[PDB]
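Have a look at the structure below, then the notes.
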12 protein chains.
Amino acid sequence: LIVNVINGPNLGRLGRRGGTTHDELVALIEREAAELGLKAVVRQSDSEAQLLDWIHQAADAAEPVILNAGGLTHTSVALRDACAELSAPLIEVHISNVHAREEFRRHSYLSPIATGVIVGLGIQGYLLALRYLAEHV
Amino acid sequence: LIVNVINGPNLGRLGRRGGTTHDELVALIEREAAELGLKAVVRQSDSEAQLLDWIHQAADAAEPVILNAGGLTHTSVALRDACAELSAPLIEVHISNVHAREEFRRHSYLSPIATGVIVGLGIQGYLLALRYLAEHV
Amino acid sequence: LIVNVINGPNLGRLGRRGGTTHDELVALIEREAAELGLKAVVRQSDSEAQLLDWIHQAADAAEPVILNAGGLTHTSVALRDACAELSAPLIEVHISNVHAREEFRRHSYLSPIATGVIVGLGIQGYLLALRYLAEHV
Amino acid sequence: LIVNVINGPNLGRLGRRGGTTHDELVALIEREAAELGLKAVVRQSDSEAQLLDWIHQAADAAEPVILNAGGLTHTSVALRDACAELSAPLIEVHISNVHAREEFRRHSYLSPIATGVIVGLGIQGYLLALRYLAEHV
Amino acid sequence: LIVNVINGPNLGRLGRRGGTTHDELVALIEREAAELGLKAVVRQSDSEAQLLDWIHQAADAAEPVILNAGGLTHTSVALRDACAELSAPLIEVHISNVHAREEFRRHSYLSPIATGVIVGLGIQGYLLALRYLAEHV
Amino acid sequence: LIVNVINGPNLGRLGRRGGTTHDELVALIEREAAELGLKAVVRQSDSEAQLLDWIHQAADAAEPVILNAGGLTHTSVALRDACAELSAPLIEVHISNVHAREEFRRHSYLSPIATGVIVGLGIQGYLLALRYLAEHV
Amino acid sequence: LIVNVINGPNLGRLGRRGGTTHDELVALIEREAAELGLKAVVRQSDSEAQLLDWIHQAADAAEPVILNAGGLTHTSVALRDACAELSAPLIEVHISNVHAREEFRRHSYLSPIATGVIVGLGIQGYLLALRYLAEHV
Amino acid sequence: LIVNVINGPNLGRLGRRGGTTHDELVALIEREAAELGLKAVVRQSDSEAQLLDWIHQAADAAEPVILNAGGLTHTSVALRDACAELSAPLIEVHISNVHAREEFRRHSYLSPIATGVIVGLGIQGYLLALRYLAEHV
Amino acid sequence: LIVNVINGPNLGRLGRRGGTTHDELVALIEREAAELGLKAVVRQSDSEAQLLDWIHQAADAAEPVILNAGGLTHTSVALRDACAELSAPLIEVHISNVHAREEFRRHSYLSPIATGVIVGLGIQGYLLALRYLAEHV
Amino acid sequence: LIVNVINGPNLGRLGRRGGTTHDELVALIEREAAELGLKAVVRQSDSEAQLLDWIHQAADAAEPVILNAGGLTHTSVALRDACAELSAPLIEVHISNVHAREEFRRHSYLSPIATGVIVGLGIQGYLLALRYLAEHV
Amino acid sequence: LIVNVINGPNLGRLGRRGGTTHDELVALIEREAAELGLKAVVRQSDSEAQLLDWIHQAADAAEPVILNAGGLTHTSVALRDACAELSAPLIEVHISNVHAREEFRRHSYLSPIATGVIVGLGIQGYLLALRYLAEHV
Amino acid sequence: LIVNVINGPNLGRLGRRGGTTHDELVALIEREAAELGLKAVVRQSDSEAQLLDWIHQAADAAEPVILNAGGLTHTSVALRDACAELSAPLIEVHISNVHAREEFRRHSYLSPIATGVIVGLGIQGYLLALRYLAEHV
Ligand SMILES: O=C(O)[C@]1(O)C=C(CO)[C@@H](O)[C@H](O)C1
Ligand SMILES: O=C(O)[C@]1(O)C=C(CO)[C@@H](O)[C@H](O)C1
Ligand SMILES: O=C(O)[C@]1(O)C=C(CO)[C@@H](O)[C@H](O)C1
Ligand SMILES: O=C(O)[C@]1(O)C=C(CO)[C@@H](O)[C@H](O)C1
Ligand SMILES: O=C(O)[C@]1(O)C=C(CO)[C@@H](O)[C@H](O)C1
Ligand SMILES: O=C(O)[C@]1(O)C=C(CO)[C@@H](O)[C@H](O)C1
Ligand SMILES: O=C(O)[C@]1(O)C=C(CO)[C@@H](O)[C@H](O)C1
Ligand SMILES: O=C(O)[C@]1(O)C=C(CO)[C@@H](O)[C@H](O)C1
Ligand SMILES: O=C(O)[C@]1(O)C=C(CO)[C@@H](O)[C@H](O)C1
Ligand SMILES: O=C(O)[C@]1(O)C=C(CO)[C@@H](O)[C@H](O)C1
Ligand SMILES: O=C(O)[C@]1(O)C=C(CO)[C@@H](O)[C@H](O)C1
Ligand SMILES: O=C(O)[C@]1(O)C=C(CO)[C@@H](O)[C@H](O)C1
């Protein structure tokens, strides 16, 4: 019924970073989420402690999370441990294809405790992640 | 307009392997592909040489491929080299979450030369992969 | 009651490869298997897709497998995934002592999902593998 | 004519460790060894220095050894160097399937200087190891 | 005379994470610390920058620290560098046994610049850490 | 009610190795163990086979063990396998901070099958280990 | 015309950490920067999210950055990704010689996407970094 | 007198893959092989089992092989084991310079059991390989 | 029109090292190079600085190089950097099959910046390398 | 008062290698060194033995060295051992950013025994290195 | 004045292992040690606990040790820790050249805490080790 | 009858590097070599090409070599290949204990093709190496 979309560091910068901005991204998600009969609560923070607080809320609330954690994907165990609490499905999103880049990008602390992972499908990955969650209730 | 869905070894065995069989899988894909205005040509082979021949056809034809190559994902460079020819988008599909399993499963020769990757969303990954390709023409 | 003996690539070549040929090997197994009150269905293929099809049959049928997969032992995850289905015991056979050779030979994708492993006892390993299966029904 | 069965540390504890005890194990081996026309001299020690002294005796005497060295398998070069002297066949036995366990268990200092290796066939591995030695004189 | 107990990310969640909550934990520490003739100043933050500021205070003040840094243990050099300043003893605490879990958990940037480490003794580790500090003034 | 304190090689040498000797150590433990309402049975051996025999006794008896195995910590799988039998809690003790020394010292075969680990708190670690066991019956 | 000097965690502590404090450091930079005809905007934060926000400003503004990111150098991909946006030159500064210390300090996520790197020249590295930027406009 | 030229997977695709096709390649080899007084029997297959059967024929026949095994070079031990039988010279051919590409391409299971290796000289490598074999009878 | 053949350390010793000496080698190359319509300028030095000076000349002159750098192949980046300047083709020659020897021999700093590589074809590799260069002008 | 600038192999080639030649480089250094009140003695050699002899002179003389050792940076321990003697400061210079290139370039035997390191600031690094040495007497 | 020669496991077997036996070895050492004005106390044990007890005696007594620890060289930290106590010189002896054998033999826990090491000079290494100790008092 | 003592780079510097100089070293060797009935031809060079030329002479001449190759020990394959020619014994000498230093010092390309190795016995190692060669003719 409710989905939490959580974006980590440097995901404010889309565009600036042919560029669809985060404000547009929120717009998209929220539209494609109203057709699915869902509500999308989309947030972005550069602060790990903020991201954690949001994932705590989703844990207590048992609402599924769609998480594009940015560069913390590859480095953060604190984040992963907060994700591990979640009882509702967790879906890991990457806009770029990470496996086509630096080799250090090919490890994710989050993948192994997520339900599943979408990578390289761009902005639409978010929308697809939504559609998975709609069809699994 | 046309999408090639290609399944590698042991993907005949779905079910037998709560189990949705491959025949059902073909049924699904072909239905969700008719709503998208697409045609889905879905095949499965245990033979690498067959898989290659199908990817050659898709290369010459420039039709996008959705490829769940099975255990050849982790081992086959021949396959990857055949995928590399493709001019149309390539999407890598995994039913199980591979990153939640054996560590050797977390390397894919295909990922780095694919457009993108879906993992752990089950049978639906195929359907989502479709939807990406529809929205990108 | 029935045992499947499956030999992978280059195991046709025994002798040619002091040499007991595969035809002799089949002869042996089938004799020592009649004394044990068993039936031995012994096959050999250079084709992975064939090997898989045979292991599929043994999976559906729930008949134990004795598998000397050759050089695919060290490289094939597809094979291992097909072996993983088996409900009846799986025994991995190696004629040569693999640990006495190249270091890459000392990893087997099959070992960890087999019941057990015989290595370096030559042609007789097959016969011993039989005897294990007889005494465990 | 004579076979030395040598068990390393913690192999006294079988049972205690559905459990067939070492005393039963000795009983087994000695019975299945009388049918083969062999004599089985079965010993067990937690002391490496004792194990070595027994392998020295077998070296001087040129009597084949069946050796389940326990956790010293994975760690001991001293043992391996004592085994290296043997002129009669050496067979390495493991009750559990070692490759199905911790990854550190998948290296054996003994394997490369043994004639061959049996793993995961339980208590019977000893009996099979016997049968190899009978048929090779 | 004064001890600083510092808990890192996700240590607010004890219980929720049979569960003794952090508020209970603070209660414990502060009780067992009054019997030892000590004062326990116990804090928790998800923010690394906050944790650092607290460790700066303890550095300037030369008051011993008991630090359970959470998932930052395994990843943070910034934290370790702040701990390195401390002149009073530093004790690293882990509730779970970390060595019994994922292999990446078995490296701690903090251990080598701590006085010592307690792991897997649960909530009591904190109390024991206290008792070390009491007996060493 | 009874605790087994077991010290491995070179732990006789405390002092000789500002030095509190083992005889003093036994004295300590036995005093702090009488206040806790416990009995401490403290032994030390340079012989692995002896250490194993003591851990066998504790296994059969189901009495908790406090084990400082010395340099066998880092090398011995035989020891670890004997510790694995224990049903009562096992606590691993290190006097020095091992993580502050050679890098090879930072792996312990014992840690992952122990209840927990104390490191770098000196002689007192033993006393703290006691106190854990008292409070957990 | 304008240079951004950005210092990461624990760089407030210079001195306390023969010690020239950060306030002195700012004093220095700002003096040697007025002789070069430049303006130096020098900031320090323990918060990664703050550091990122400052690097975002420098990215949008296209003003060169001199960045001593502290312990986040060795661990942070989020930081590196924010640095990657910069169009103006980026210079990485280290006061201590990092290659003369722990081996983990010899990898920097920042180096490969920086213009260049100064290491071990102490406080003056900042001043030299300035002088590079003056001579390259 | 006779040379076997064997091409592995995806070597049908030359051109399609400035492009000289395989049919042209066969044409070349067969021309430059008639001047050398040789006969060239050139085949190509995507099927490993076919490649093996051809190498078996060359083994029995003791006719030298020129082998460009494609992506199976880097992955196949079965192939290597079939090549190992050959008594006549084996020459490994690569059109592209493999060492100038992905790092995984820089290991060949075939190289160590070949007579020698040609890499990066393009289509002509085949012709040079011929010329070696002519001058060595 | 002109080819530079450059041999590194210990290549004076051919023969001494069934042995064709370097003087013979020069003789060969110069003969097979006159039939190809080429001129071969063949040199050998044990001195890296000399080898570099010769490769500098070939760089300035834009004349192709055939380089058998000896043991500097596996160790020298200085050499590789000098080879990198060359605009004319560079061909790496090895008399022995290097991949059939020590594992450290299987890395070449030169391979990745060469046009191509010949290995294990003996003295003739030089002659083949010539023939490549003739046919590519 | 005197500074030794020492350039290793292939640093003669600047320009040839938009290009400022070594002769220009010497010109620069010597000018910017006269303003600093210093004398710059700048040399370049492709010969390691020459470089060593120059560093021996600087060692005996106790005059600081600025050393851009070229490709010997990454490979030479002999050089590093000669640098280790120096009592006056040693500064390591790299024109290119080495960390932005091949991964093997990111280890320097010299860095850990140098005072400090400048990398990627081009020709000016030399001038900055000078300025460090002037301000530190 | 007194030297302790200590031989580890399997060093009883010299000869049996052209063979000079240990009894001869003791004879040698004791003769060449009387000419040097020394006394040689030569012992051998397969038991680590015995070896340790002897090294404890040499530690307390401050008499130099010549130690050929056999296969415990490569595996034993307990031994190394006992050797670390010694105040008198420790010399590590190996009869065979260990670096010419298996790669695992090329690490010695003892080397780094020994005064020095002799390897591959056969039985005489002992005599040379003596001569070092004579000339260093 | 004749022994070649060859010292590599930076071994001129003994003393300067309590210091016995090389001139003294030559003096020593030549004295202790006259008592042994030998002649010692002792040379030192910083030039690898010189060292090689000397080892070539010893190869042709079949006179044993005592080689302390300095930092080229750890890096040079060219040297090792020149040493490999020698028919007379080769003894590797190190003054310092190399295993007590940097970890990169614990690999020697020379050790595996030497007769044996002396390390950490200082200047006397040379004299002992002599004595080995005297007693082995
Ligand atoms: O582009 C993405 O999807 C990505 O997850 C985001 C960031 C941050 O921009 C990067 O840190 C990741 O490597 C990739
Ligand atoms: O389940 C999947 O999606 C998967 O791609 C398929 C197979 C084959 O069943 C496995 O070989 C892969 O590891 C995972
Ligand atoms: O000899 C065997 O038992 C073996 O399994 C078979 C082959 C193929 O001959 C090899 O590929 C294996 O390494 C070993
Ligand atoms: O169970 C076995 O066969 C085994 O060899 C025995 C021990 C000791 O119980 C373990 O140390 C080995 O890992 C496995
Ligand atoms: O449970 C612990 O003691 C621990 O330190 C805490 C966290 C965070 O909950 C984890 O990140 C650590 O891996 C283990
Ligand atoms: O000091 C300890 O606590 C320790 O467990 C003991 C020994 C043996 O003295 C060492 O072998 C260990 O590395 C550390
Ligand atoms: O001293 C430095 O220049 C340095 O960049 C700073 C810190 C933080 O003090 C450390 O984290 C770095 O390793 C080194
Ligand atoms: O181009 C070649 O020579 C090559 O051997 C062929 C293929 C298959 O095209 C690739 O799989 C190899 O990496 C390189
Ligand atoms: O034999 C060769 O072709 C080779 O290039 C030459 C030398 C030097 O003899 C060796 O250093 C190389 O490993 C191999
Ligand atoms: O460009 C440099 O600064 C450098 O030190 C020089 C050389 C040699 O040109 C290269 O060998 C180094 O990798 C980088
Ligand atoms: O031969 C030796 O000198 C040696 O130290 C002894 C043994 C035991 O024989 C081996 O375990 C060592 O690897 C080598
Ligand atoms: O001191 C030695 O014996 C040594 O061989 C010599 C040098 C060069 O001084 C060093 O390069 C070696 O690491 C050690």
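Every chain in the structure tokens has a letter given in the order shown (A, B, ...), and although residue numbers restart at 1 in each chain, ligands are simply numbered from 1 in the order shown.
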
Strand (DSSP E) call set, DSSP backbone run, range 41-103 of chain K, as a list in words: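 DSSP on the backbone gives strand (DSSP E) at residues 41, 42, 43, 44, 65, 66, 67, 68, 90, 91, 92, 93 and 94 of chain K.
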
Go ahead and write the selection's residues with N, CA, C and O atoms as a JSON list (two decimals), in the first residue's frame.
```json
[["chain", "number", "residue", "atom", "x", "y", "z"],
["K", 41, "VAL", "N", 75.39, -30.04, 22.84],
["K", 41, "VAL", "CA", 74.35, -30.87, 23.42],
["K", 41, "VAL", "C", 73.24, -31.06, 22.37],
["K", 41, "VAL", "O", 72.36, -30.22, 22.24],
["K", 42, "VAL", "N", 73.31, -32.17, 21.64],
["K", 42, "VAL", "CA", 72.44, -32.42, 20.48],
["K", 42, "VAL", "C", 71.26, -33.33, 20.82],
["K", 42, "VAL", "O", 71.45, -34.47, 21.23],
["K", 43, "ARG", "N", 70.04, -32.85, 20.61],
["K", 43, "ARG", "CA", 68.85, -33.67, 20.83],
["K", 43, "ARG", "C", 67.89, -33.66, 19.64],
["K", 43, "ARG", "O", 67.96, -32.78, 18.77],
["K", 44, "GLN", "N", 67.02, -34.66, 19.60],
["K", 44, "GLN", "CA", 66.03, -34.78, 18.54],
["K", 44, "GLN", "C", 64.76, -35.30, 19.15],
["K", 44, "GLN", "O", 64.79, -36.22, 19.97],
["K", 65, "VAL", "N", 71.02, -21.61, 20.56],
["K", 65, "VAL", "CA", 70.33, -22.75, 20.00],
["K", 65, "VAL", "C", 70.61, -22.81, 18.50],
["K", 65, "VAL", "O", 70.64, -21.78, 17.83],
["K", 66, "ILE", "N", 70.85, -24.03, 18.00],
["K", 66, "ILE", "CA", 70.83, -24.30, 16.57],
["K", 66, "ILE", "C", 69.62, -25.20, 16.34],
["K", 66, "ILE", "O", 69.59, -26.32, 16.82],
["K", 67, "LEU", "N", 68.63, -24.71, 15.60],
["K", 67, "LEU", "CA", 67.34, -25.38, 15.52],
["K", 67, "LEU", "C", 66.92, -25.74, 14.09],
["K", 67, "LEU", "O", 66.65, -24.86, 13.28],
["K", 68, "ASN", "N", 66.87, -27.04, 13.81],
["K", 68, "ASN", "CA", 66.25, -27.56, 12.59],
["K", 68, "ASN", "C", 64.92, -28.18, 12.97],
["K", 68, "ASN", "O", 64.86, -29.38, 13.24],
["K", 90, "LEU", "N", 70.00, -17.55, 18.04],
["K", 90, "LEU", "CA", 69.27, -18.68, 17.46],
["K", 90, "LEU", "C", 69.63, -18.77, 15.99],
["K", 90, "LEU", "O", 69.55, -17.78, 15.27],
["K", 91, "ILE", "N", 70.02, -19.96, 15.54],
["K", 91, "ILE", "CA", 70.33, -20.19, 14.13],
["K", 91, "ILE", "C", 69.44, -21.31, 13.58],
["K", 91, "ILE", "O", 69.40, -22.41, 14.13],
["K", 92, "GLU", "N", 68.73, -21.00, 12.49],
["K", 92, "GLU", "CA", 67.80, -21.92, 11.85],
["K", 92, "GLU", "C", 68.51, -22.72, 10.78],
["K", 92, "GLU", "O", 69.12, -22.14, 9.88],
["K", 93, "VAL", "N", 68.44, -24.05, 10.86],
["K", 93, "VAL", "CA", 69.12, -24.92, 9.91],
["K", 93, "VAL", "C", 68.16, -25.76, 9.08],
["K", 93, "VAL", "O", 67.22, -26.35, 9.60],
["K", 94, "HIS", "N", 68.41, -25.81, 7.78],
["K", 94, "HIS", "CA", 67.71, -26.70, 6.87],
["K", 94, "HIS", "C", 68.73, -27.45, 6.02],
["K", 94, "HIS", "O", 69.61, -26.84, 5.42]]
```

Selection as a VMD selection string: residues within 10 Å of ligand 11 by only C-alpha atoms and all ligand atoms: (chain D and resid 76 to 82) or (chain K and resid 7 to 14 17 67 to 75 92 to 99 101 to 102 104 to 108 118 to 123 125)

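For the choices A:103, A:124, A:50, A:130, the atom-to-atom distance to chain H is smallest for A:103 when using only C-alpha atoms.
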
Coordinates-based distance that separates CA of residue 54 in chain F from atom 10 (C, counted along the ligand's line) of ligand 6 (Å, one decimal):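 A separation of 19.7 Å between them.
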
Helix (DSSP H, G or I) per DSSP on the backbone: members of range 23-83 of chain I, as JSON, numbers by chain: {"I": [23, 24, 25, 26, 27, 28, 29, 30, 31, 32, 33, 34, 35, 48, 49, 50, 51, 52, 53, 54, 55, 56, 57, 58, 59, 60, 61, 70, 71, 72, 77, 78, 79, 80, 81, 82, 83]}
